[PDB]
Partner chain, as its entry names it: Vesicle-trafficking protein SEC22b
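Heads up, the chain below is alone and in the form deposited without the partner chain; it's given as structure tokens.
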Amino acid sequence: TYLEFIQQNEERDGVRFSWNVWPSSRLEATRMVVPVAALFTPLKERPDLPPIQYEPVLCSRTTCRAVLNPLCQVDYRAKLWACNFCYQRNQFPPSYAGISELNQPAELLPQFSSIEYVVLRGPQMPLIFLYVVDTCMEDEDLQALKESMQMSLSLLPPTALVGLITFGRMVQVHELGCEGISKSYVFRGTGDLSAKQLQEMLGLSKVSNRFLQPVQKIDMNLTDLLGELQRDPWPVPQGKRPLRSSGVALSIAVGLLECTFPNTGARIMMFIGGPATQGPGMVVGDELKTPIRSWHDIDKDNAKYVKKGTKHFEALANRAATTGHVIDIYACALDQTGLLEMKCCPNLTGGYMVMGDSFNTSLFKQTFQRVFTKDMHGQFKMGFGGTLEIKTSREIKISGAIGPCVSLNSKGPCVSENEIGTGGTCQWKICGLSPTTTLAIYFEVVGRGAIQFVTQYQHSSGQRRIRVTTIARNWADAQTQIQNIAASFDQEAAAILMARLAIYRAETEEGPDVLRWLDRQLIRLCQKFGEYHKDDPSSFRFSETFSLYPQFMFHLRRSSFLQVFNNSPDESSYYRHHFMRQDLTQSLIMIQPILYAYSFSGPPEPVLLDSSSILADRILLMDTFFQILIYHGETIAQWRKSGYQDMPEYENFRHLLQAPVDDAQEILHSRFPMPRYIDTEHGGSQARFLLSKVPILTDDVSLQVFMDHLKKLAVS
């Protein structure tokens, strides 16, 4: 079964390709409309694997340097191995002497295509956590935030260095450990500062500080300072917004680490309760009169800050990524915080982007501690300053990558001229990564082809490591195997890989021509792989291998991911942020929400994302990725308002109501960005949330019409 193949290769190598059999020629591949691409998760959970404690063993050819893998031919009685990528003959290291056909090194076993090594680097660095805290918020909020911060500080490793910076009208860099007096360096929240200037001003040397100290040494002090922390003193005049120097506070935080611990794992965690109102990085004026930019405003070019503010954070993001530091943004406010302008920070470094109403919500508190989830051994499921390199067979080339990363601009034979997304390299830097982090790597064609992924990173344990995954798919003659190729199609993967290219463009100088291109490709794919007689819509039928692709597109093109005008620019940035990170599974739910129906007549069963699914005697659980909604049908809504639930007679009815609630509870823990919850019913104020989720190829129409206009264009 091709399905088992897809499932087993993702579980083993955390890899999912659009096609699992590749066209042996650039031409037929070009008109295969969906590029040979792959959704790739470098640190996929793999508990069944030992960390193997020794260096990786690489090909001796400088331009190659591939890692010894199962695809390599080995001549034990000559202690040599041929590199499957460049054919170079290589010698083994002395410690391998015993190597034999029946007792071979783990890296050579098929079961170990995809394995982890444990580098003997030397500098065992402690994790660094720098809290950058906004103080312009109500006492409820700030108190909650202070509690959430204390909580995390308790989960940090004793060796981890912690740093605290607070801001409002001015920016404060706290000197910790300093007992008996407690001091801090203050700067104008109105002017920028370089890493040097800061190093000079803070009176620091070059390359534990008074600012970044051990958790096991500061605990008392920091936990005291946190608790004694009060909101920004400077009073706020009526009709005005507080003076929040978010842009400068972050700049000072980046600089602080840039001149003390460059090139080592670290999280710069900034919490904000409102928009930056005193740049650089300034997002909106201080007079409440003016509302924070909208998508319309920004389009009518009536947003005077967006370009300047964004340019600022972008600069910061590239510095931090270049320095190997991660930037997380936790923004909780009743209105926009400026995420749009700041997105590149957590987007470019693998940082987190968290939205919310107030830190004083279970939504936030929960989300924040999930950030510090530990593995079976009590270590954060966090990786730092990873370097990703991808080797490909000579018949293949790398177009580029789309996802949390930054190009290292490492040229080579594997790079392609025609680049996609973050291209022109065979190496990317991912400062922050988790077992979930997934990237889209696009390839280009120019017996099996092979690709290897090498991810070096700093494990939360301080242990330096290299994760290696080598895969090989079969080459195919498209003029004699179109079938063998079309059967290898992965519609779910293709769907997401394509959505990732569409969304990437939607940011670029490209406007609504996205839907256009997106639709043009759907049609082309239908034309090349659909069954049909020319000019006969009704005859069009897709193999079960493709049947769902058209529907995926239907839901993509109409998603908040490409139709921003119904959300604020912040939310839009938020959704995209998470989508471009996700693995296949979660990605699908994002693009096409799941809908389950509950009723007395049978167990819960997924149902069409259609109105037809909304029935009076049925309860619905709609799982978009960002929210979990439960909808009571008209009949059920009444029995509930009547109270039958309490009566001992209706034991079952009480269960029916609870069935969906129970499952919502599981998701409301298992899912990282904790989703918003919604309990509604027929005619409820919030039914809207469900109803809404339920030339150009078409417009705001139904899946049926969409399929019709599609079927007819595919056949002419």
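Positions refer to the first chain, counted from 1.
- In this entry, residue 207 is separated from residue 208 by 10 or more residues of the deposited sequence that have no coordinates.
- Deposited sequence between residue 472 and residue 473: no residues lack coordinates (chain continuous).
- If you average the C-alpha B-factors over 338-346 and over 628-636, the higher value belongs to 628-636.
- Higher average CA B factor: 476-484, of the stretches 476-484 and 276-284.
- In the deposited coordinates, the residue among 459, 578, 312, 534 with the greatest CA B-factor is 534.
- Note on 33, 647, 43, 39: the highest value goes to 647, judged by CA B factor as recorded.
- Among the modelled residues of the chain, residue 3 sits in the middle third by CA temperature factor in this PDB entry.
- The deposited CA B-factor of residue 150 belongs to the middle third of values across its chain.
- Sort the chain's modelled residues by C-alpha temperature factor and residue 21 lands in the lowest third, per the entry.
- In the deposited entry, the Cα temperature factor of residue 224 sits in the top third of values across the chain's modelled residues.
- Ranked within its chain, residue 158 lands in the highest third, by CA B factor from the PDB record.
A second form of this protein, the form deposited with the partner chain bound, is not displayed here; the remarks below concern that form.
- Among the residues 311, 304, 231, 374, the one placing a heavy atom within 4.5 Å of the partner chain in the bound PDB entry is 231.
- Site annotation in the bound PDB entry: the residue of 237, 602, 110, 94 reaching within 4.5 Å of the partner chain with a heavy atom is 237.
- Heavy atoms within 4.5 Å of the partner chain in the bound PDB entry belong, among the stretches 387-395, 237-245, 549-557, 329-337, to residues of 237-245.
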